[PDB]
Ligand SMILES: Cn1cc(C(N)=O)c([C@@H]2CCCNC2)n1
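The chain that follows stands alone, in the form solved without the named molecule, written as structure tokens.
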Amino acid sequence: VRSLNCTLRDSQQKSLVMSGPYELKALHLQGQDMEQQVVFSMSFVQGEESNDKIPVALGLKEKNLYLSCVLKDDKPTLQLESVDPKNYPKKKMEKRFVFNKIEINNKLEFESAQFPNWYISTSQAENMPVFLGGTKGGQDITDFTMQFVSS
């Protein structure tokens, strides 16, 4: 299935890192300290596609760990999910692992296919977790740049 390696940075130039075994944190990184930043494998999966909207999965480079969207206290929640490493990645990923990648003026948004109008968001502050957020509007950050890596 077509995959691209990539890092993500938020519109404020916070870089993404592994907090716990299962959280991402966003933080202002520079220098060699930049090593510490998480590389995704982004997969082109089966879904509703427009020029403007592309369904992707977001895995970590050589870990069987995928971002999924799941209900946790009657709230959409973002988690890192362990998968069977022989069975993944797939073209037909399960709906919780699917994001619509949306290009909206050199920036990306990642909408959950599973919770419409829920986006991968970061905090304005340092060292807070990446979350599923439902409110686009000058508060939490919902847009990203993408960098390719010579994988």
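So that the term is clear: the rigid core is the largest set of C-alpha atoms that superpose within 1.5 Å between two forms. Don't overthink the numbering: it's just position in the shown sequence, from 1. Only residues modelled in both forms are compared.
Here the subject shifts to the form solved in complex with the named molecule, a form of this protein not shown in this document.
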| item | value |
| --- | --- |
| Pocket open vs blocked [the named molecule transferred in the deposited bound form by site C-alpha superposition; 2.4 Å, backbone or C-beta, 3 atoms] | open |
| The named molecule contact in the deposited bound form: residue 62, any heavy atom under 4.5 Å | yes |
| Partner proximity in the deposited bound form: residue 117 to the named molecule, non-hydrogen atom cutoff 4.5 Å | no |
| 4.5 Å heavy atom contact, residue 123 to the named molecule in the deposited bound form | no |
| Heavy atom of residue 84 within 4.5 Å of the named molecule in the deposited bound form | no |
| Partner contacts for 34-62, taking the named molecule in the deposited bound form and a 4.5 Å heavy atom cut-off | 35, 36, 37, 38, 39, 60, 61, 62 |
| Exceeds or equals 2 Å, Cα of residue 136 between this form and the one not shown, core fit | yes |
| Consecutive stretches, 3 or more residues long, displaced between this form and the one not shown (C-alpha shift of at least 2 Å once the core is aligned) | 135-138 |
